[PDB]
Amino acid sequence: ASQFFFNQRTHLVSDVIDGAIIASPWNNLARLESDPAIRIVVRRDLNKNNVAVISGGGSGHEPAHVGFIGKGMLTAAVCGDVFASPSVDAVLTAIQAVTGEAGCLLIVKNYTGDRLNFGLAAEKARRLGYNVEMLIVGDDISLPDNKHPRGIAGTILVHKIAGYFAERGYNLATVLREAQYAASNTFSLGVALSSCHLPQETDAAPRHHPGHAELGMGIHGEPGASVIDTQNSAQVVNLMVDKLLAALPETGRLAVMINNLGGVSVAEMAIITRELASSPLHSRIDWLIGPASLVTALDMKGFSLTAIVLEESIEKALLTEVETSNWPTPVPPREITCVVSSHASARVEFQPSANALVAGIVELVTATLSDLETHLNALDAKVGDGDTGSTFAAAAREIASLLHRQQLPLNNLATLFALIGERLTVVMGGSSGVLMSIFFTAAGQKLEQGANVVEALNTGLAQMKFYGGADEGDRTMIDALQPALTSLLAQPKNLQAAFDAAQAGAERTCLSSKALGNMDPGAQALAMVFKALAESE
């Protein structure tokens, strides 16, 4: 057991190169022909004139590094198995394959493996006349007590710079110089809630600290430095900023790169951006690079923060656009702005009126429902959350009240409907309330545009179905309403006819239980209403 989408373990690395290629925005990536145990990617527009910038490292960091290959950055990338440096054979095959006479600059992440392998390589290469140069990058500041700073997220910035001068046609020695400069002005710090899943069956889940967060967890999954007693975005980001400010000049503009280690939600990544924005670090940030997954660790739920000082040339090269696959384009921290609108109140206006007829109905209808409360709750109990009767009564009691306080526009229906619509949702929560609002609301806009009572009701229904998604036969109040309304559309004055129609429909809902004790509360509610009307006309 594990949790990894992959086919043939042994074709893992390869398959990733393929898919990386099959998605090249600039179709500028190409695999270098060679033994299967050597996985190299090289830019199709090879310019052996300029100094070639080669980079690499293990897999699982993705897009690093095939991602940053092409005009403006990496010439080629050497990929080894998951979390393991390539062979010497491969780093060499790469130098030869793409290095011209201007030379090549190997940019290696600070780890004894990559160093040793890329190193022996660079040597066997020097010996073949190739002018080689190697720059070890160590930007992690998470373990100051350790001799060799781990190389992480910041590495790619070192590329951006090196690549700049490379394309401009500068001498190898000038590339290296400018490359190291950036490096020594780069500081990265990472945090993670839980490690990453691997492409193999393992003992137990990934390292994890319940409720806590590990600071400085290595991209290979290495153990970090400390453990923060919380998972709180603000707190955690601030702490990181301190440790970051603690190792950055007391003054100097800078660009900050927010890296997603692979398993943080886009949402979370966003909060973290808001956190760093309100960070004591804000007042010196002229640029943001992220949120984005730039140098990940498989699906590790962690993010990183990389700061780079803008002294001299650095900034110029950052901002220069390039032709890579995943390189993000620096963006100055925008300022949240509040746009305003001429927002007209919806609160329906009305002027109280009396109307012996309509009032008699509003009274009868409202009252009818109000008594059922208990029984409808009973029915809703064998079916759902036993809240129907109470829910429906709230809406009734409310309009019933407004009736008695003489505050109802009885003389104008299109307005009375619109009013009821705009009030039920309040007294009654839940879908019902909204559905019962959609009904009248849509109804009143049919009456308004000059239509009879039955045509509005029927349309108020059509809308209730459109949004509510319910048809006849779904064991719903629609099962009694429609029939009832379809009967009034024929014989507009025959209330017995419409009553019977509802009662029949209300009964169908009784013939498909999975819990007359299986009856759908809505249907009943409806039917008993039309029954009330009929026993008075």
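Position 1 is the first residue in the sequence shown; the rest follow in order.
Coordinates are given for every residue of the deposited sequence from residue 23 through residue 24, so that no gap is recorded there.
When 219-227 is weighed against 324-332, 324-332 comes out higher, by mean CA B-factor as recorded in the entry. Two stretches are in play, 248-256 and 288-296, and the higher mean C-alpha B-factor belongs to 248-256.
For the set 301, 375, 159, 207, the PDB entry puts the maximum C-alpha B factor at 375. Of the candidates 197, 397, 150, 115, the one whose C-alpha carries the top B factor in the deposited record is 397. Remark: residue 519 belongs to the highest third of its chain, ranked by C-alpha B-factor as recorded. Split the chain's modelled residues into thirds by C-alpha temperature factor. Residue 496 is in the middle one.
When the modelled residues of the chain are ordered by their C-alpha B factor, residue 405 lands in the highest third.
The entry lists a Cα temperature factor for residue 481 that places it in the lowest third of the chain's modelled residues. Residue 212: CA B factor lies in the lowest third for its chain, per the PDB record.
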